[PDB]
Amino acid sequence: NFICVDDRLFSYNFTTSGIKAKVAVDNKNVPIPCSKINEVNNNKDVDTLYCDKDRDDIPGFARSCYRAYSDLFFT
Ligand SMILES: [Cl-]
Ligand SMILES: [Cl-]
Ligand SMILES: [Cl-]
């Protein structure tokens, strides 16, 4: 259950607290192209990093996460 955003793969998790988005990264923390969206969805054993203002090692991460949350309303 991953979608494409800014050429990145994002998933969503929730509970009784809130909905958080997480991005799929390779073992170097480089996000995985949308050109591999099919394998990621079939073989879902990938590194995932939750959206967080404090995570700094992915450029434009805050913008891609905002987009992901937006796309849950303005589809
Ligand atoms: Cl790698
Ligand atoms: Cl940003
Ligand atoms: Cl930037």
Side-chain angles (χ1 to χ4, degrees), residues 1-14 18-19 21-35 37-42 44-52 54-62 64-74:
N1 58 356
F2 279 89
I3 65 170
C4 183
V5 170
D6 294 358
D7 202 11
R8 288 147 171 186
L9 295 186
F10 273 89
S11 188
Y12 303 71
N13 288 101
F14 73 74
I19 297 171
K22 82 211 174 181
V23 67
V25 304
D26 65 15
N27 64 34
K28 304 279 162 51
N29 295 331
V30 178
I32 296 171
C34 291
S35 83
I37 177 171
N38 267 286
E39 348 192 328
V40 167
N41 289 304
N42 309 338
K44 259 182 225 170
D45 39 319
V46 293
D47 299 348
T48 46
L49 302 187
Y50 281 101
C51 293
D52 193 310
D54 281 7
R55 178 159 286 277
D56 302 338
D57 66 344
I58 297 165
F61 190 39
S64 311
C65 289
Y66 169 79
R67 203 157 277 181
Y69 294 130
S70 303
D71 295 354
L72 233 34
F73 296 98
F74 320 165

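Heavy atoms only: backbone and side chains are in, while hydrogens, waters and symmetry mates are out. This chain uses plain numbering: 1 for the first residue, then up along the sequence.
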Among residues at least two apart in sequence or on other chains, which ones pass side chain to side chain donor-acceptor pair (under 3.5 Å) with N29?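 Scan of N29 (side chain to side chain donor-acceptor pair (under 3.5 Å), adjacent residues dropped) gives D57.
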
I need the minimum non-hydrogen distance between [X] and [Y], along with the two atoms involved.
| X | Y | answer |
| --- | --- | --- |
| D6 | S64 | OD2-OG, 3.2 Å |
| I32 | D26 | CG1-N, 3.8 Å |
| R8 | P59 | NH2-O, 2.8 Å |
| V46 | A24 | CG2-CB, 3.8 Å |
| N13 | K22 | OD1-NZ, 2.5 Å |

Which value, rounded to the nearest 0.5 Å, describes the distance between [X] atom [atom1] and [Y] atom [atom2]?
| X | Y | atom1 | atom2 | answer |
| --- | --- | --- | --- | --- |
| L9 | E39 | CG | CD | 10.0 Å |
| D7 | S35 | CG | OG | 7.0 Å |
| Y12 | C51 | OH | SG | 8.5 Å |

Going hydrophobic residue to hydrophobic residue with side-chain gaps under 4.5 angstrom, can you get from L49 over to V30?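 Per the 4.5 Å side-chain linkage, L49 and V30 are not co-clustered.
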
Is any side-chain heavy atom of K44 closer than 4.5 Å to one of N1?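 Yes, their side chains come closer than 4.5 Å.
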
Between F61 and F10, how do the two ring planes meet: parallel, tilted or perpendicular, split at 30° and 60°?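 Judged by the thresholds at 30° and 60°, the geometry between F61 and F10 is parallel.
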
